[PDB]
Every structure is written in C-alpha cells, then in structure tokens.
Amino acid sequence: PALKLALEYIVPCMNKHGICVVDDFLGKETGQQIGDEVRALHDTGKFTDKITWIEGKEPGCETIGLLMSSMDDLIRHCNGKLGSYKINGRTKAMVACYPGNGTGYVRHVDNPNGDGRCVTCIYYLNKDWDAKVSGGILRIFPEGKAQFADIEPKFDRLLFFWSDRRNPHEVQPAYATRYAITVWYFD
Ligand SMILES: O=C(O)CNC(=O)c1n[nH]c2ccccc2c1=O
Ligand SMILES: [Fe+2]
C-alpha cells in the first residue's frame, strides 16, 4: 500500500508541484482516535498558535506513534526519488492548536536558513471543517506559479510540501479550534 501510494502519487506529484495532498490517509476510525488523543493532551494543560512535541512512546500518544510510523513507511518507499533527496530522518511530531480566536500564523518559510529539513508533512484532524465560516486555510505560494494554493485543514488529510523557500506559506486566521500534527524530514 505504501509502495503504491509513494511511487504512483507522492513522488510524481511532489516532483511536479512541490505540494501533495493525500485525503483519507488513515481512515475515519484511526483518525478520530488520533484526534481524541490530541484533544486530551490539550485539555490536560500540555501545550505552550500553541504546540507540544511528541516522540511517539509517551502516554496518551500510541496512535500518534502509528501515524508517525505510517508517514515513515511512505517516505521510506519513496526510494530516494522525492526531489532526489536521500532522506535520513525526521523530527519528532509537533502538535499544533490554533484556539479559534482569530489567530493564525503569518507567511513564513519553514527552513529559511539552510538546515537539512527538506519535506514538511502535516496531518490534519478537524472534522466537518467549515472553511467559509471557520477560516484557518493553509495558503502556499509555490515558487514559479503565479497562483497560490489553498489547502483546507480537513480531517484525515495528509499533506507534503518542500520546506525551503520554494514554499512560503501562511495559516489564515482561524475562528474555530484547529489541530494539526507536523513532522519535518531531513536529508
Ligand atoms: O498548520 C498548518 O496548516 C501550517 N502550519 C505551519 O505552517 C506552521 N509552520 N511552522 C510552525 C512552527 C512552529 C509552530 C507552529 C508552526 C505552524 O503551524
Ligand atoms: Fe510552516
């Protein structure tokens, strides 16, 4: 399954566009589970835009580990073909919560200063996101296109994009609680 998705979709889509959306990545059950785990971290005080870092062995986080393992399976089966990068690892999972008070994240590049992070991978957990009323769109400005790309933070959506200056991006103001989990893979 990872072989097929990696080589029939993620590799070609990324090499062409530098951005790749995989809807329905883990399915509604496992999704909801990860979502219930992120919410339990949050409501029990464990955020510090607020964030918390997770390795994947800590408590209340088993299924976030399964997510990370599932992401890793995709990247491993890209076979060094994704942007001709030989990927050597990734960060821990960064869980982010925009509380829903109009806050967002201003336009930025993830790796502006030349660290080894090459691919940003984000998994979204927001069921029945009403983007027209709730805001919180991810807007990416891919270098070499005169049109931006708008990505809704939809439940069980996995997203890949190049981390460097090819992809300046912003989280537009969010008016409902918005959750996402990011890892960065490095070459
Ligand atoms: O959630 C999204 O759709 C995109 N989100 C981001 O680009 C983003 N990028 N870099 C960060 C660094 C530290 C803390 C939060 C973030 C963050 O949400
Ligand atoms: Fe970012």
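Yes or no, residue by residue, for (1) among the aliphatic types (A, V, I, L, M); (2) surrounded by 14 or more Cβ atoms within 10 Å (Cβ to Cβ):
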{"position": "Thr103", "(1), (2)": "no, yes"}
{"position": "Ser134", "(1), (2)": "no, yes"}
{"position": "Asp150", "(1), (2)": "no, no"}
{"position": "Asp156", "(1), (2)": "no, yes"}
{"position": "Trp162", "(1), (2)": "no, yes"}
{"position": "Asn167", "(1), (2)": "no, yes"}
{"position": "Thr177", "(1), (2)": "no, yes"}
{"position": "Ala180", "(1), (2)": "yes, yes"}
{"position": "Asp187", "(1), (2)": "no, yes"}
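Could you grab me the full set of residues in segment 135-157 that are within 13 Å of ligand 2 (Cβ to nearest atom) and of a type in the set (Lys, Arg)?
Selection gives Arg139 alone.
Write out, first by first residue and then by second, each pair whose Cβ atoms fall under 6 Å of each other, whose residues are 6+ apart or on separate chains, and whose first residue, in segment 147-169, is closer than 25 Å to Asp72 by Cβ while the second is within 12 Å of ligand 2 (Cβ to nearest atom) and part of a loop (DSSP other than H, G, I, E, B).
From residues that are closer than 25 Å to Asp72 by Cβ, the pairs are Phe161/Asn167; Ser163/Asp110; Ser163/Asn111; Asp164/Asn111.
Is it true that some residue in segment 92-107 is of a type in the set (D, E, K, R) and closer than 22 Å to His42 by Cβ?
Scanning segment 92-107, I find at least one residue that is of a type in the set (D, E, K, R) and closer than 22 Å to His42 by Cβ, so the answer is yes.
For segment 1-119, which strands (runs of 3 or more DSSP E) that fit wholly inside it have 2 or more residues that are hydroxyl-bearing (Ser, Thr, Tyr) and either within 16 Å of ligand 1 (Cβ to nearest atom) or touching a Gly at 6+ places or on another chain (Cβ under 7 Å) (or both)?
Passing ranges, in order: 103-108.
Would you confirm whether or not segment 86-93 contains a residue that is of a type outside the set (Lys, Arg), surrounded by 15 or more Cβ atoms within 10 Å (Cβ to Cβ) and more than 22 Å from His169 (Cα to Cα)?
Yes; the residues of segment 86-93 include at least one that is of a type outside the set (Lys, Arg), surrounded by 15 or more Cβ atoms within 10 Å (Cβ to Cβ) and more than 22 Å from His169 (Cα to Cα).
Return only the number of the condition from (1) closer than 23 Å to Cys13 by Cβ; (2) among the acidic types (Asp, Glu); (3) away from ligand 2 (no atom under 12 Å from the Cβ) that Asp128 does not satisfy.
Answer for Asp128: the failing condition is (1).
Do you know which residues across segment 131-149 are among the charged types (D, E, K, R) and more than 21 Å from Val95 (Cα to Cα)?
Listed by number, the residues that qualify are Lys132, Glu143, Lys145.
Name the single residue, out of those in segment 120-143 being within 9 Å of ligand 1 (Cβ to nearest atom) and assigned to a loop (DSSP other than H, G, I, E, B), that is farthest from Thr177 (Cα to Cα).
Selected residue: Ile137.
Within segment 144-187, restricting attention to residues that are closer than 23 Å to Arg39 by Cα and assigned to a loop (DSSP other than H, G, I, E, B), which residue is nearest to ligand 1 (Cβ to nearest atom)?
Per the criteria, the residue is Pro153.
Any read-out appearing in this document is the output of simple, stated calculations on the displayed coordinates, not a laboratory observation. Note: ideal-geometry Cβ built from the backbone for every residue, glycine included; neighbour counts use all protein chains shown.
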